[PDB]
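Asks: Sharing a structure below in structure tokens format, with a few things to ask.
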Amino acid sequence: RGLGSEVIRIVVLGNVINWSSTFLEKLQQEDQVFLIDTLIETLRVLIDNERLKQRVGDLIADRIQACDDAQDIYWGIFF
Numbered sequence: 389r390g391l392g393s394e395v396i397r398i399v400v401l402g403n404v405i406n407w408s409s410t411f412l413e414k415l416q417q418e419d420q421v422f423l424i425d426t427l428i429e430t431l432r433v434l450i451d452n453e454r455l456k457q458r459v460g461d462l463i464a465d466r467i468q469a470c471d472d473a474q475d476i477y478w479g480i481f482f
């Protein structure tokens with residue numbers, strides 16, 4: 389998180405989808421997706452996540468970039 393702006397979004401989106409398919413937690417998943425919401429928020433002013456943060460991304464960035472019913476919770480949390 390405290391590294392930069394771009395090496396996250398190039399490679400890590402598919403892998404968070406992967407181990408969201410695997411992981412099973414209740415509460416630290418919430419902390420994860422919410423700090424990632426703030427993450428993509430600080431990536432907003434400087450794309451799929453670009454529209455997801457700027458716009459709501461209703462079934463555009465969510466149907467494409469979100470899955471596992473976890474990123475949808477954060478999408479409902481905020482844009």
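In full-length UniProt numbering, the protein residues as written are 389 to 434, 450 to 482.
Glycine is no exception: its CB is placed at the ideal position from the N, C-alpha and C atoms.
Can you find the residues in the same chain that come closer than 8 Å, C-beta to C-beta, to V459, ignoring five residues on each side of it along the sequence?
Replies: Counting from one through the sequence shown, the residue named residue 459 turns up at place 56. Within the same chain, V459 has close Cβ partners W478 and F482.
Asks: For the alpha helix (DSSP H) holding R454, just list the boundary residues, first then last.
Replies: Looking up residue 454 in the sequence shown gives position 51. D451 to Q457 is the extent of the alpha helix (DSSP H) around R454.
Asks: Check this for me: beta carbons of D471 and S409, under 8 Å apart or not?
Replies: Looking up residue 471 in the sequence shown gives position 68. Looking up residue 409 in the sequence shown gives position 21. The answer is yes: Cβ separation under 8 Å.
Asks: In the DSSP assignment, find the alpha helix (DSSP H) that holds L427 and state where it starts and stops.
Replies: Here residue 427 refers to the residue found at position 39 when the sequence shown is read from its first residue. Counting along the chain, the alpha helix (DSSP H) containing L427 begins and ends at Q416 to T430.
Asks: Determine the direct distance from the alpha carbon of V399 to that of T426, and round the result to whole angstroms.
Replies: In the sequence shown, residue 426 corresponds to position 38, counting from 1. In the sequence shown, residue 399 corresponds to position 11, counting from 1. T426 and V399: Cα-Cα distance of roughly 19 Å.
Asks: Identify, in the order they occur along the chain, each residue of the same chain with its Cβ nearer than 7 Å to the Cβ of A473, setting aside the five sequence neighbours on each side.
Replies: For the purposes of this step, residue 473 is taken as residue 70 along the sequence shown, with counting starting at 1. Result list for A473: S408, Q417 and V421, in chain order.
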